[PDB]
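Residue-level listing of the chains:
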Amino acid sequence: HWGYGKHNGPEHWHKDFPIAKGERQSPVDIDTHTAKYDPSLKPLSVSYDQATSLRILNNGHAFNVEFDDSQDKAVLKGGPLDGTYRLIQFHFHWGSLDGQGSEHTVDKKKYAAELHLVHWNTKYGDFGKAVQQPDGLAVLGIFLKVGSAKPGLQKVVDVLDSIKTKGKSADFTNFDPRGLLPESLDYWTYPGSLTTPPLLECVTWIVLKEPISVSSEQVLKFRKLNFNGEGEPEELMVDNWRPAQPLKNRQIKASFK
Ligand SMILES: [Co+2]
C-alpha cells in the first residue's frame, strides 16, 4: 500500500492517485511576503464546548482521535467558511527530528509537527459525501514546536502505549480539543486537498499563524508509535508528512495584517 517509507512514499502516490499532481494539492509553503490580508474574512468561530470524543485509533499512518459527528457538537464556522462544519477527528503529522515534521511550511520553515482538526460541511450529510465536494471539508492546521509541554496534549500522549501498532484502538472519551489551541486564532487560508490518499481536492485549509509548544518528552512518545501491526518487525511511526506541493493558480489569504 502507500506510506512514508523508502519505496511507497509521497513521491509514488501519483501512480495510484493521479490527482497527486492536480491543481489544488496540499500542503503548500506559506510565503508571508506574498500572502495578502483579506478584509472580507471573518474571525474564526471554534465552538467545541459540546465536543464528544469517542476513541483513538492507530490507522498505520497516524492516529485519529475520533468524535461524535451525528449532531452539531463541535463545529467550526466563520472565517472563510459558509455554513457549519462538524469535527470528525484530529490527527498529527510529525518528524524523526525536531527540525522536520510539519506538512505546511512558513517561508520554507518546517515545524516539528502539525495538528489537523478535520471538519465536514453539514450540507452534505456525511463525511463520505463531503469529500466529493470542493467545499466539503475544513481542516484547521496548527503547527507544533518543541519547547514547553502542552498540558492539554498529555492525555493523548499517555494513551499512545495502548495503541502502539496498526489497528489498535482505545476508548478516548471526555477529551477537550480546546486544550490543543494556541492563544490567537489568526490564520492563513487557501483551497486544497487531503494530504493523504485519496488526496481529494475538497478542503478549505485554515492554518493558524501561532504555533503551540510541546515538550521534547511529548514528541519522543509520538516517535515510539509503530506503522506496523502487532507481531511484525518494528517500524517507527515517524516522518508521516507529505512535503509542500506547487501552489499553482491559488492565492493564500491572511486574516491579519
Ligand atoms: Co493530516
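- For this entry, the PDB record names X-ray crystallography as the structure determination method and reports a resolution of 1.200 Å.

Let's talk about the pattern of salt bridges
In step 1: All chains considered together, the criterion is met by eight salt bridges.
In step 2: Here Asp68 makes a salt bridge to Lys73, at a shortest N to O gap of 2.8 Å. Both residues of the pair, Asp68 and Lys73, count as buried.

Some points on the UniProt feature "binding site: Zn(2+)" in the chain
In step 1: Those places that UniProt annotates as "binding site: Zn(2+)" correspond, in this numbering, to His91, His93 and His116. Across 26 residues of sequence, these annotated residues stay compact in space, with a maximum C-alpha separation of 8.1 Å.
In step 2: Assignment of secondary structure puts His93 in strand β7 (residues 85-94).
In step 3: With a relative accessible area of 2%, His93 lands in the buried category.

A look at the packing of aromatic side chains
In step 1: What the rule picks out here adds up to 15 aromatic pairs.
In step 2: Taken together, the ring pairs connect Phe63, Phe67, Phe90, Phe92, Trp94, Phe172, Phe175 and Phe222 into an aromatic cluster.
In step 3: Over the ring of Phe256 we find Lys209, and its NZ or CZ is 5.1 Å from the ring centre.

Some words on the coordination of the cobalt ion
In step 1: Only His91 (NE2), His93 (NE2) and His116 (ND1) from the protein coordinate the cobalt ion, and they sit 2.0 to 2.1 Å from it.
In step 2: Going along the chain, you hit the donors of the cobalt ion in the pattern H-x1-H-x22-H.

Structural notes on unusual backbone geometry
In step 1: With an omega of -5°, the peptide bond running from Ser26 to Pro27 counts as cis.
In step 2: Its place among the elements puts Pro27 in the segment before β1 (29-30).
In step 3: Residue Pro197 is joined to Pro198 through a cis peptide bond whose omega torsion reads 15°.
In step 4: Examined against the element boundaries, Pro198 turns out to sit in the loop between β12 (187-192) and β13 (203-208).

Thoughts on the nonpolar core
In step 1: Counting residues in hydrophobic clusters, the biggest one holds 49 residues, and the most contacted among them are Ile56, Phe63, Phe90, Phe92, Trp94, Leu140 and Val156.
In step 2: Contributing elements (two or more residues each) for this core: β5 (63-67), β7, β9 (113-121), β10 (137-146), α2 (154-157), β13, β14 (212-214) and α3 (216-222).
In step 3: The greatest single-element share of this core, amounting to five residues, is contributed by β7.
In step 4: Excluding its chain neighbours within four sequence positions, the residues that come into contact with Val156 are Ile56, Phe63, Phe90, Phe172 and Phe175.

Looking at the UniProt feature "binding site: substrate" in the chain
In step 1: Summarizing the sequence annotation, UniProt attributes the feature "binding site: substrate" to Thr195 and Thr196 in the numbering used throughout.
In step 2: In this structure, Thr195 sits in the loop between β12 and β13.
In step 3: A residue is classified by how much of its surface remains accessible, and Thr195, at 6% relative accessible area, is buried.
In step 4: Non-local contacts of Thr195, meaning those with residues more than four positions away in its chain, are made with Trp13, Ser26, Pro27, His93, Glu103, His116, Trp205 and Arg242.
In step 5: A polar contact is formed between the side chain of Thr195 and the side chain of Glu103, at a distance of 2.6 Å.
In step 6: One can find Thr196 in the loop between β12 and β13.
In step 7: Look past the residues within four positions of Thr196 in its chain and what remains in contact with it is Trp2, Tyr4 and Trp13.

Regarding the side chain of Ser215
In step 1: In this fold, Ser215 is placed in the loop between β14 and α3.
In step 2: With sequence-adjacent residues up to four places away left out, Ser215 is seen in contact with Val146, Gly147, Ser148, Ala149 and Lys150.

Description of the environment of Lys150
In step 1: Tracing the backbone shows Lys150 in the loop between β10 and α2.
In step 2: For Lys150, a relative accessible area of 14% translates into the label buried.
In step 3: For the pair formed by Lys150 and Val214, sequence separation is 64 residues and the distance between their alpha carbons is 4.8 Å.
In step 4: Once you skip the residues sitting within four places of it in the chain, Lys150 turns out to touch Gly179, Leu180, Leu181, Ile212, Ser213, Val214, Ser215 and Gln218.
In step 5: Here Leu181 takes part through its backbone oxygen, which lies 3.1 Å from a polar atom of the side chain of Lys150.

Criteria and thresholds
- Residues numbered from 1 in each chain as written, not as in the entry; some residues may be left out.
- Heavy atoms only, no water.
- Salt bridge = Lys/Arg side-chain N within 4 Å of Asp/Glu carboxyl O.
- Buried < 20%, exposed > 50% of the residue type's maximum accessible area, 1.4 Å probe, protein only.
- UniProt positions renumbered as here; feature names shortened; annotations may be inferred.
- Helix = DSSP H or I, 4+ residues; strand = E, 2+ residues; numbered from the N terminus.
- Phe/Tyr/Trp six-rings, centres within 6.5 Å; stacked < 30°, edge-to-face > 60°.
- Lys NZ or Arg CZ within 6 Å of the ring centre and 35° of its normal.
- Donors = N, O, S within 2.8 Å, 3.2 Å for Na, K, Ca; no water.
- Core = buried A, V, L, I, M, F, W, Y, C linked by side-chain atoms within 4.5 Å.
- Contact = heavy atoms within 4.5 Å.
- Polar contact = N/O pair within 3.5 Å; in protein donor to acceptor, adjacent residues only side chain to side chain.

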